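Colleague: I have a structure I would like to understand better, so I am pasting it below and will then ask my questions one at a time.
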4 protein chains.
Amino acid sequence: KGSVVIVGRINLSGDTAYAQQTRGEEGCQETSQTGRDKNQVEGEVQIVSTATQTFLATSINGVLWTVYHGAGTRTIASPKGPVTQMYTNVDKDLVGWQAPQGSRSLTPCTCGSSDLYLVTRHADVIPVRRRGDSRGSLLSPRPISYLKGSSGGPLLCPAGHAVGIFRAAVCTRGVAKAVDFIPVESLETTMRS
Amino acid sequence: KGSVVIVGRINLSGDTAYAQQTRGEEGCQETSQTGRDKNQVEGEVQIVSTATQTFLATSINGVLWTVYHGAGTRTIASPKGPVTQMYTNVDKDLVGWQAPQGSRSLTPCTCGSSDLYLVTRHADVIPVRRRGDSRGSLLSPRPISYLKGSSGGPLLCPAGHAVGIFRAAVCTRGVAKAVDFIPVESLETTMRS
Amino acid sequence: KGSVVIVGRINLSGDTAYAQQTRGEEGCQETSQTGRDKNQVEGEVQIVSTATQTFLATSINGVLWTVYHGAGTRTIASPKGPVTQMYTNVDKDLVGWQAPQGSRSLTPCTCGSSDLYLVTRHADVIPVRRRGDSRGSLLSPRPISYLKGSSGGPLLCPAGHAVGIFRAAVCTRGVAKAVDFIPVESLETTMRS
Amino acid sequence: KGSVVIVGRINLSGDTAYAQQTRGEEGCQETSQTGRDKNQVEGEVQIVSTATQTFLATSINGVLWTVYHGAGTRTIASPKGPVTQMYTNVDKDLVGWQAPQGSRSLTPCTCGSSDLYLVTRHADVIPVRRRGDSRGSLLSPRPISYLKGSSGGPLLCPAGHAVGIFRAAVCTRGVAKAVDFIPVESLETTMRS
Ligand SMILES: CC[C@@H]1C[C@H](C)CC/C=C\[C@@H]2C[C@@]2(C(=O)NS(=O)(=O)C2(C)CC2)NC(=O)[C@@H]2C[C@@H](Oc3nccc4cc(OC)c(F)cc34)CN2C(=O)[C@H]1NC(=O)OC(C)(C)C(F)(F)F
Ligand SMILES: CC[C@@H]1C[C@H](C)CC/C=C\[C@@H]2C[C@@]2(C(=O)NS(=O)(=O)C2(C)CC2)NC(=O)[C@@H]2C[C@@H](Oc3nccc4cc(OC)c(F)cc34)CN2C(=O)[C@H]1NC(=O)OC(C)(C)C(F)(F)F
Ligand SMILES: CC[C@@H]1C[C@H](C)CC/C=C\[C@@H]2C[C@@]2(C(=O)NS(=O)(=O)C2(C)CC2)NC(=O)[C@@H]2C[C@@H](Oc3nccc4cc(OC)c(F)cc34)CN2C(=O)[C@H]1NC(=O)OC(C)(C)C(F)(F)F
Ligand SMILES: CC[C@@H]1C[C@H](C)CC/C=C\[C@@H]2C[C@@]2(C(=O)NS(=O)(=O)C2(C)CC2)NC(=O)[C@@H]2C[C@@H](Oc3nccc4cc(OC)c(F)cc34)CN2C(=O)[C@H]1NC(=O)OC(C)(C)C(F)(F)F
Ligand SMILES: [Zn+2]
Ligand SMILES: [Zn+2]
Ligand SMILES: [Zn+2]
Ligand SMILES: [Zn+2]
């Protein structure tokens, strides 16, 4: 098994969020095996991939978090070679690596707001009403293709702070009505499992 | 000068560590003066307090260990009244009392692992790369307030064995970059100061 | 993508349940490629495999039912070539093919019993107390390895009727304490998705 | 929290250093509460005290410097009421107030001398060989009691110029073998923490 590769990024700093590709199919193949990635890293959300899957990863408090169902126990490619996981929990579906040099960490939310915004891999930032610790209902139901590939992405408060990590979607006939996420308070309190 | 009192504990059994409060400021002030504590004790990591300071204490091999800079020469409040220290060393900054009945002891690490996890008073479990015999660097540096009050707490290995006791932080720019700790092998080998 | 292949089965006819291997890693690869499998079929529960994963499949009312997270949109290998799916529902994590000739089908439960039994790929048939329509608690909590590769397997009532199809395990620190299943009343009522 | 109070001084003017007490426990307690101290100030090294601790404070370039581990963020009692700190750094363990009227400031050393002299609260002037920027070894090792209550005190060169402020002692078996100090070049260059 190879390393997880940063193949793009979601820029959240301007008036309009945008996704940008940094690596194609050809570039991602040898980067995965060597674990060496010389590409300059920028932003809060990275678009990441393995050999069979594409998903997101979010830098919060100097840690780049993602889902175990995407990254497995894999390292991530960096300029100084493959980077091992700081956090690994299969039961929570969570992994984390030291945030890459040049990345911009989101700050954890203490607002207690129920007005959330989910960031997708297509840079859509959509409202989610918080319905519990790890649940949120979408204000507008979406087809599965709209959310697929966006696990490991963040849930933000109206002030742009990180509230959680997108894990799973509540679905009915190819349509998502709610989301399941790992709350920010459950990140650095994670035990190895 | 009163006793050190157990005011809470860190629960390490789940996928998420959590802090539990067992006593408020009034009961801590009181129990500190009398040294009598009838409360059910559980787990490995205790949250402890004197009349003026709060820190951690860790059970390893039937001994509850902590820092001298926190506990001084003080007794520990217990069901049978104040319990005197079995280990006291000002130079090492270490103290220990017989572990409270019902407490669970961590087993010392026999891994040789250099991937450590520091447990804070806020139930944060942060990765530390073992650098020296008594040193480790944070994989992701943290503000002081994040590590403050966590002296006497444990440095665990990936398997959850004890590797050392948190003593001091290597701070620059109001940020802890590295930690200083008493290694497990240096605990039972302690002489009286 | 190739076909789903029967690689063995779970015989529940006698006093003691037993698993039998009928195909190996090479034969499974060749059968996945051709979609033609002339091997004899017998029993309720089939041990099935793709090129990368292995799980269970249960015949209920002439349909061989399994999980989408295992089978995907894949056809099943048969003596007359690749068999296309009759039920495909991503949201329910359910797939179904016409049961292969030689298979025995379970009958749906109408007993109303809350005393369930889950059948594993290792032929263990373990008690599960029903909590809701799709949930049950394990009477003995189990390591993840004990249940992994058993999705698509059945939940039985004390009279041996089909109660549901094992889908997911409620896990904490590598231990499953409860199970999530697709109830029998949710099988034939399934829509395409 | 009350004021840090001058409770005496070290006279370094004759052939033999001496310590003079100017206030007793009752006066220090009353002067700490009001923050008003009408007493005459003389010399370079003051004996200072809070409600609980006693230590030293040294005037260098019109600033009375001491350790944060003794003074904290506290004001100093003066003829015109409480005087606030102009220098406060937890990381360096340094504080500084405007030197009191009547104090005599030491001048920073520019000898480059490696032969230092540490001044204790008991007026002992003991040789220290400089080893690095912030370290010196004792020519004759000492019991801890000899050095305790002398943080904030000066390290002088053979010519009587200020080289550093005494911070910590390198201790083994109730004996100090070396000293850790804040160099004079690190005093005015101090940023707030
Ligand atoms: C069946 C409906 C859902 C799957 C759809 C096909 C996809 C929905 C779209 C996006 C989802 C965020 C999105 C995505 O984007 N993934 S991705 O980037 O594409 C991928 C595969 C890595 C490359 N996640 C999924 O598809 C996930 C993957 C799978 O669930 C899980 N697997 C493993 C461990 C989990 C642990 C959990 O709790 C501890 C847990 F809640 C779910 C776990 C399954 N999963 C889901 O999101 C599924 N929803 C789901 O399982 O929901 C439940 C039952 C957990 C619910 F309703 F309670 F939340
Ligand atoms: C100045 C920067 C540090 C203080 C910050 C204000 C706080 C850092 C946060 C947490 C530290 C673990 C934390 C905490 O949490 N404490 S607490 O629970 O709050 C408390 C006071 C009991 C109630 N410990 C400290 O703050 C400690 C206390 C003080 O150092 C020491 N005092 C006494 C004896 C020591 C003996 C030693 O070796 C033989 C030693 F290395 C340090 C000793 C001081 N101390 C420290 O941690 C300090 N770091 C420090 O002294 O570092 C050195 C110089 C020893 C280093 F860099 F080499 F490691
Ligand atoms: C995180 C802990 C669980 C994963 C462990 C690593 C393994 C547990 C062991 C056995 C589970 C039955 C076992 C197995 O055997 N699989 S297998 O045969 O090995 C395989 C991969 C096909 C070859 N299933 C899993 O591992 C499943 C796979 C994954 O969940 C799911 N993915 C896709 C769609 C799902 C739709 C759902 O509802 C509509 C749903 F509830 C779960 C879905 C993930 N999954 C799970 O069982 C996970 N539990 C889980 O997701 O549970 C929740 C959150 C739905 C719970 F707790 F609410 F039930
Ligand atoms: C464990 C041995 C030492 C404590 C002994 C019980 C006493 C030694 C005697 C005198 C020391 C100068 C004497 C004294 O006199 N103090 S006092 O006037 O009594 C007081 C408490 C204010 C009222 N200072 C101490 O006791 C000091 C206090 C404590 O260390 C420290 N706390 C806070 C911040 C520090 C920052 C540092 O660097 C960034 C640092 F190196 C040490 C820090 C702790 N401290 C020390 O001097 C301790 N030594 C120590 O921490 O040494 C190290 C590990 C930093 C060393 F060896 F590297 F220098
Ligand atoms: Zn917020
Ligand atoms: Zn270990
Ligand atoms: Zn029945
Ligand atoms: Zn000089």
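The values are calculated or read from the model by the stated rules, or taken from the named source; no laboratory instrument gave them. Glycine also receives a Cβ, built like all others from the backbone with ideal geometry; neighbour counts cover every protein chain displayed.
Colleague: Check C:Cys157 against each of (1) within 17 Å of the chain's Cα centre (by Cα); (2) within 12 Å of ligand 3 (Cβ to nearest atom) and name the one condition it does not meet.
Modeller: Only one criterion in (1) within 17 Å of the chain's Cα centre (by Cα); (2) within 12 Å of ligand 3 (Cβ to nearest atom) is unmet by C:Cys157, namely (2).
Colleague: Next question, about the same structure. Can you pull out the residues in region D:136-149 that are basic (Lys, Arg) and surrounded by fewer than 17 Cβ atoms within 10 Å (Cβ to Cβ)?
Modeller: Across region D:136-149, the qualifying residue is only D:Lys148.
Colleague: Next up: Looking only at region B:51-65, decide whether some residue is more than 14 Å from chain D (Cβ to nearest Cβ), within 19 Å of B:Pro154 (Cα to Cα) and not in a strand (DSSP E or B).
Modeller: Looking for residues that are more than 14 Å from chain D (Cβ to nearest Cβ), within 19 Å of B:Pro154 (Cα to Cα) and not in a strand (DSSP E or B), one finds at least one in region B:51-65, hence yes.
Colleague: Would you mention how many residues in region C:1-46 are among the small types (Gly, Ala, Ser) and either assigned to a strand (DSSP E or B) or within 22 Å of C:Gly96 (Cα to Cα) (or both)? Working first, answer last.
Modeller: We begin by selecting, within region C:1-46, every residue among the small types (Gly, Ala, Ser); these are C:2-3, C:8, C:13-14, C:17, C:19, C:24, C:27, C:32, C:35, C:43.
With either assigned to a strand (DSSP E or B) or within 22 Å of C:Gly96 (Cα to Cα) (or both) added as a condition, the list becomes C:2-3, C:8, C:19, C:32, C:35, C:43.
The qualifying residues number 7.
Colleague: On to the next question. Checking the structure you have, find out if any residue of region A:125-139 is over 25 Å from B:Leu12 (Cβ atoms), within 15 Å of ligand 5 (Cβ to nearest atom) and under 16 Å from the mean Cα position of the chain (by Cα).
Modeller: Yes, the conditions are met somewhere in region A:125-139.
Colleague: Here are D:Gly174, D:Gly152, D:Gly160: which of them is surrounded by 16 or more Cβ atoms within 10 Å (Cβ to Cβ) and outside the structural domain of D:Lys38 (by CATH)?
Modeller: D:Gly152 is the lone residue from the list that is surrounded by 16 or more Cβ atoms within 10 Å (Cβ to Cβ) and outside the structural domain of D:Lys38 (by CATH).
Colleague: State all residues of region C:64-73 that are in contact with a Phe, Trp or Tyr (Cβ under 9 Å, 6 or more places away or on another chain) and surrounded by fewer than 20 Cβ atoms within 10 Å (Cβ to Cβ); if no residue qualifies, say none.
Modeller: Hit for region C:64-73 is C:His69, nothing else.
Colleague: Still on this model: For C:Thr22, all conditions in the list (1) on the phi > 0 side of the Ramachandran plot; (2) of a type in the set (S, T, N, Q); (3) crowded, with 16+ Cβ neighbours inside 10 Å hold save one; what is the number of the exception?
Modeller: (1)
Colleague: In region B:74-92, what residues are within 14 Å of chain D (Cβ to nearest Cβ) and surrounded by fewer than 21 Cβ atoms within 10 Å (Cβ to Cβ)?
Modeller: Within region B:74-92, B:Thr88, B:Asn89, B:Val90, B:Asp91 meet the criteria.
Colleague: Continuing with the same structure: With the requirement that a residue be assigned to a loop (DSSP other than H, G, I, E, B) and within 21 Å of B:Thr16 (Cβ to Cβ), what does region A:73-98 give you? Even if it seems obvious, please write down each step before you answer.
Modeller: Restricting attention to region A:73-98, the residues satisfying the condition of being assigned to a loop (DSSP other than H, G, I, E, B) are A:73-75, A:77, A:79-82, A:84-86, A:90-93.
Scanning region A:73-98 gives A:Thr73, A:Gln85, A:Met86, A:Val90, A:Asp91, A:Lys92, A:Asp93.
Colleague: Kindly list the number of the only condition in (1) more than 16 Å from the chain's Cα centre (by Cα); (2) farther than 21 Å from D:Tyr68 by Cβ that fails for D:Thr189.
Modeller: (2)
Colleague: Here is a follow-up. Would you be able to say whether some residue in region A:47-56 is crowded, with 21+ Cβ neighbours inside 10 Å, aromatic (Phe, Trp, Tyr) and within 18 Å of the chain's Cα centre (by Cα)?
Modeller: Checked against the condition, which is being crowded, with 21+ Cβ neighbours inside 10 Å, aromatic (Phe, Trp, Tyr) and within 18 Å of the chain's Cα centre (by Cα), region A:47-56 yields at least one hit.
Colleague: Could you pull out the residue among A:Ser3, A:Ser59, A:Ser32 that is in contact (Cβ under 8 Å) with a residue 24 or more places away in the chain and touching an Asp or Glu at 6+ places or on another chain (Cβ under 7 Å)? Working first, answer last.
Modeller: Numbers: A:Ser3 fails: touching an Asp or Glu at 6+ places or on another chain (Cβ under 7 Å); A:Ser32 fails: touching an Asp or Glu at 6+ places or on another chain (Cβ under 7 Å).
The match here is A:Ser59.
Colleague: Can you find a residue that is in contact with a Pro (Cβ under 9 Å, 6 or more places away or on another chain), touching a residue at least 24 places away in the same chain (Cβ under 8 Å), part of a loop (DSSP other than H, G, I, E, B) and closer than 18 Å to B:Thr66 by Cα anywhere in region B:99-108?
Modeller: Yes; the residues of region B:99-108 include at least one that is in contact with a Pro (Cβ under 9 Å, 6 or more places away or on another chain), touching a residue at least 24 places away in the same chain (Cβ under 8 Å), part of a loop (DSSP other than H, G, I, E, B) and closer than 18 Å to B:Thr66 by Cα.
Colleague: While we're looking at this one, here's another question. Looking at A:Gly112, A:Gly96, which one is away from ligand 2 (no atom under 16 Å from the Cβ) and either surrounded by 17 or more Cβ atoms within 10 Å (Cβ to Cβ) or within 14 Å of chain B (Cβ to nearest Cβ) (or both)?
Modeller: Exactly one residue qualifies, and that residue is A:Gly96.
Colleague: While we're on this one: For residues that are touching a helix residue (DSSP H, G or I) at 6+ places or on another chain (Cβ under 8 Å) and either outside the structural domain of D:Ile60 (by CATH) or of a type in the set (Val, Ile, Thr) (or both), tally how many sit in region D:4-48. Walk me through it before giving the result.
Modeller: We begin by selecting, within region D:4-48, every residue touching a helix residue (DSSP H, G or I) at 6+ places or on another chain (Cβ under 8 Å); these are D:4-5, D:7, D:23, D:37, D:48.
Okay, now just the ones that are also either outside the structural domain of D:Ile60 (by CATH) or of a type in the set (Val, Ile, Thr) (or both), so D:4-5, D:7, D:48.
Result for region D:4-48: 4.
Colleague: Looking only at strands (runs of 3 or more DSSP E) that fall completely inside region A:128-193, which ones have 3 or more residues that are more than 14 Å from chain C (Cβ to nearest Cβ), closer than 22 Å to A:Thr110 by Cα and of a type in the set (A, V, I, L, M)?
Modeller: A:162-172
Colleague: Among the residues of region D:118-135, write down those that are under 17 Å from D:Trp65 (Cβ atoms) and either among the basic types (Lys, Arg) or surrounded by 18 or more Cβ atoms within 10 Å (Cβ to Cβ) (or both).
Modeller: Residues satisfying the conditions are D:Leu118, D:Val119, D:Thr120, D:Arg121.
Colleague: Tally the residues that are under 19 Å from the mean Cα position of the chain (by Cα) and surrounded by fewer than 14 Cβ atoms within 10 Å (Cβ to Cβ), restricting the search to region B:25-41.
Modeller: Total meeting the criteria: 1.
Colleague: Which pairs have Cβ atoms under 8 Å, sit 6 or more apart or on different chains, and link a residue in region D:68-91 that is more than 18 Å from D:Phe181 (Cα to Cα) and touching a residue at least 40 places away in the same chain (Cβ under 8 Å) to one that is in a loop (DSSP other than H, G, I, E, B) and among the hydroxyl-bearing types (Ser, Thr, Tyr)?
Modeller: Note: pairs meeting the criteria are D:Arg74/D:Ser3; D:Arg74/D:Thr50; D:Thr75/D:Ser3; D:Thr75/D:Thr84; D:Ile76/D:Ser3; D:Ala77/D:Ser3; D:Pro82/D:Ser3; D:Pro82/D:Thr75.
Colleague: While we're looking at this one, here's another question. Give region B:112-127 a look and list any residue that's within 12 Å of ligand 6 (Cβ to nearest atom) and part of a strand (DSSP E or B), or say none.
Modeller: B:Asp115, B:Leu116, B:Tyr117
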